[PDB]
Structure formats: C-alpha cells, structure tokens
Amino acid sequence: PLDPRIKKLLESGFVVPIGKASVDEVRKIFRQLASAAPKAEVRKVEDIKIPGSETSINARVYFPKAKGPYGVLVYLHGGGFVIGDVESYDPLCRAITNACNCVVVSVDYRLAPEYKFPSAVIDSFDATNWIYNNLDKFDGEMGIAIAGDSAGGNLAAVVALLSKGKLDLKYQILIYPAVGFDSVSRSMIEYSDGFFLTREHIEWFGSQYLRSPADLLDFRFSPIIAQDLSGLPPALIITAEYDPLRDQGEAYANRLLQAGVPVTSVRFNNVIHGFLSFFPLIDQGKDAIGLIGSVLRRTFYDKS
C-alpha cells in the first residue's frame, strides 16, 4: 500500500487540475506546490542564456560548496511537456546539487501547447550540446550527465539517444520517466486514477504536446522503440510503485540492459509519481536524491 503519509496527503486534495482548468491556472498551481519546498543553500546560482538552434534558452546554473573541478548535470524538469519551469524546480535542483557535489544546469525548454513537439527535444539537445562544449565555463571538466523527471526523463532519455557519437555523456538519470505511448501495461491500467498523475492527465499532456498520432511513433517521443539502444550512457532509472508510468520505465531499463548498457533500476515502493518534488514531506524523496548523489559522485569523482 501507499505510505500512510502519502495517502493522507492525497486524501486532502493535493491535485493539479490538469485538463480541468486553464493552462495558466494549472501552471500556477504547480508552481506553488513545487516551489514551496525549502531552498537549500548552494555556493552560487547564475541565470544564463544558451544560444539554441530555434530559441535563446534560459537555464539556471547551481554551483556546489565543494571545490572544483566538477561534473555538470544537465537537468530537464517534468510537467507533462506543458507545466513546470526552472524556477518551480529550484528546490529540487538545489537538493540535487548538494547531494552530488556537482554543477547542475536546469534548462527552461520550450513548452507546449505554445511550442509543440519536438520543440522541447530540440531545446534540450541544443542546451546539452552547448553545455558540453562550454564545460570550462563552470569548471566542469569532469564531464556531463543528463537527468530529468517524468516528461523531463523522457527528454533526458531522448537527448542521450541523440547524443550518441557526438557528446560524451557520462550518465543518464531517468526519474519516473515517460518513455513512449502505453495503453497496455498493468501499472498504467491499475494506477490510472487516484495516484496524483492520472491517465486523464497523461492523455491531456499528450494532446497538447504532440502534433498528430504519427508523433507517437517518433523515437524522440518514444525512446523505447528506438532502433538501437547500444552505446548509450550508463543509467540510473527510478520508478515509483504506484505510478502509472512504472512499468514502462522498468521496460526501458530492461531494454537498455539487453543492449549492453549498464543500468541500475530501482523501484521506490509505497510512493507515487512525482515524489522527489515533494521531498520535504515524503522522506523517500530525500533518499532518492541521495541515490542520485551517490551515482554521480562515483561517475564524476570516483568518490563514495
């Protein structure tokens, strides 16, 4: 069952009214929910503009208190390709920065419905490419990794595919990712309602982001159907027991493993989709952040 703390929270009306309110209103509600978490101190924070192929991309850079050199984690926020932003994810990105002792660059990719697929992918890739080529600006010579949650985990997985034989990504962290279209998995059906992220929400996000059903078959939306997953960066894949997206994330882990990619796939039991965003309340979220910290300290620094 759910952790009673989470059941209590859900029973008290913790919702984001996706598809039942205006885009502006759902963005506002999400901002207030996510941004309420404590902002842990880091050493320095900078807002930068990355020259993308299609737009000037805003990004926020978090520097850790630890001395350099650093690795750089490119972070892609979730929010169904429609909501969220760098500022609402500030508390989480600060927590990650402190866990990993690395530089985190959180990317404000273009959002749907204003900018449909593949805009978010293009921005995410362009940002990652620029950061790779400008690691010196962050004393970030230990290299680059990519991470994201939910829709941002989709983007991270896709960026890792697109980066093959261009960038040298050291690691990919996929936090309860969406990895394509799923009308069949048990978790999707079983947890379609009542667990914060619902099937109705998923469908609504899909309707805003994608241009046509053909986009469902594009590997830049459905990395699970990419032709060749071999040679991708080692992965940490975090899933949540009561998440409709659970099974598809675990499927992607399995597909990567079958392609010879190292993967640590961990299901956090008793919790829901989005649980890292609610780390102050949900203790397991702090522990997931600590696991991310471990894997990145190892990969970048060969430190415990």
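So that there is no doubt, residue numbering starts at 1 and follows the sequence shown.
Here 219-227 and 77-85 are compared by their mean Cα B-factor, and 219-227 comes out higher. The PDB entry records a higher mean C-alpha B factor for 22-30 than for its counterpart among 232-240 and 22-30. The entry assigns its greatest Cα B factor, within the set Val266, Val263, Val45, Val271, to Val45. Ranked against the other modelled residues of its chain, the C-alpha B-factor of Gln172 as given in the entry falls in the lowest third. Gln248: CA B factor in the lowest third of modelled residues in this chain (values from the PDB entry).
Annotation for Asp123: CA B-factor lies in the lowest third of the chain's modelled residues. The PDB entry assigns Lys116 a C-alpha temperature factor belonging to the middle third of its chain's modelled residues. In the deposited entry, the Cα temperature factor of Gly194 sits in the top third of values across the chain's modelled residues.
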